[PDB]
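Input: a single structure, listed below in structure tokens.
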Amino acid sequence: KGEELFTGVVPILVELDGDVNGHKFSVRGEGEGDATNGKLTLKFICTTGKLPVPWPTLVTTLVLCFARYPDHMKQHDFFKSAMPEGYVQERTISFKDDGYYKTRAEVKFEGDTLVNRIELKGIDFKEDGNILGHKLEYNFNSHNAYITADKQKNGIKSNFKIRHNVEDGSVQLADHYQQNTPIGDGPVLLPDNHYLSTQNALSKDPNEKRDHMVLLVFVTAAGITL
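The entry's author numbering puts the sequence shown at residues 3 to 64, 68 to 231.
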């Protein structure tokens, strides 16, 4: 019955408290999600000043319950099925030849707003690497994220690799491990193997003075026939 909460446009709040090689920061984002179209429209603000990492490295951390699942795949939508109680999403992001992110987030309804509250910790980054050295382009490539059921924990797992464009023409790989577990006790939908096709577009607000990122996302599920 959780899917009924996403038939219209839903406001979103995202809050992230981060710590990368000791550099603390906070990010606040607001916008709306349209699950029927698989669309996200958000604006994120660094409320502590300058962001110590490039904005593209936070995109995957900064609400898969807004993915557009086809009609023949509705029975495989774990993320909506756990709502409104929500789910915990935990990740390890390992940047090739550099440090790693450890994240824990809670995604659930607070009132009528879908809220994603995240804690991030970054360890073992190189000072002149592509991340702390701010050598990544302000863009994003389209990707596919593969979903697998975790029936022993009543949740799901996801694994994928993000390709970050580097300003010198090279590519910075970021390997992603993900696990999700429901917060409540109600029944959830445990899916067969499938993937989420995701596209992102990064831009800036010409009137915004704070360090920020304007983000439009399109997420669609695929990989199951019938």
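Note that the Cβ used here is the ideal one computed from N, Cα and C, for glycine as well.
For a test of the three-state rule: what should DSSP assign to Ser147, helix, strand or coil?
coil
Grab me the residues of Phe130's own chain with a C-beta within less than 7 angstroms of its C-beta, minus the 5 sequence neighbours each way, in chain order.
Counting only residues of its own chain and dropping the five nearest sequence neighbours on each side, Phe130 has a CB closer than 7 angstroms to the CB of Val22, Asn23, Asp103, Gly104, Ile136 and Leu137.
Report, in whole angstroms, the separation of the C-beta atoms of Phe27 and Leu53, which I expect to be a contact under 8 angstroms.
6 angstroms
Could you name the residues of the same chain whose beta carbon sits closer than 8 angstroms to that of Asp210, not counting the 5 residues immediately before and after it, in chain order?
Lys45, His217 and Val219
Pull up the distance between the alpha-carbon of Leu60 and that of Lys3, whole angstroms please.
31 angstroms
Does the stretch 76-91 come close enough to the stretch 186-203 that 3 or more CB-CB pairs lie under 8 angstroms?
Yes: at least three Cβ pairs fall under 8 angstroms.
What residue range does the beta strand (DSSP E) around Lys26 cover?
For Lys26, the uninterrupted beta strand (DSSP E) segment begins and ends at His25 to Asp36.
By Cβ distance below 6 angstroms, which residues in the same chain neighbour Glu5 in space, the five residues on each side in sequence not counted?
Excluding sequence neighbours, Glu5 sits near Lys85.
Buried or exposed for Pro196, please, with buried defined as at least 16 other CB atoms from any protein chain shown within 10 angstroms of its CB.
buried
Using the three-state DSSP reduction, which class does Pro13 fall into: helix, strand or coil?
strand
Name the residue from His139, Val120 and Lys140 whose alpha carbon lies nearest to the alpha carbon of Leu69.
Here the closest residue by C-alpha is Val120.
Taking the alpha-carbon of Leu7 as reference, which of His25, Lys113 and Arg30 has the nearest alpha-carbon?
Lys113
Over the uninterrupted alpha helix (DSSP H) stretch that includes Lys85, give me the two end residues.
That run of the alpha helix (DSSP H) goes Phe83 to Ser86.
With distances taken between CB atoms, is the gap from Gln204 to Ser163 smaller than 8 angstroms?
no
If you follow the beta strand (DSSP E) that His181 is part of, which residue opens it and which one closes it?
Note, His181: beta strand (DSSP E), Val176 to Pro187.
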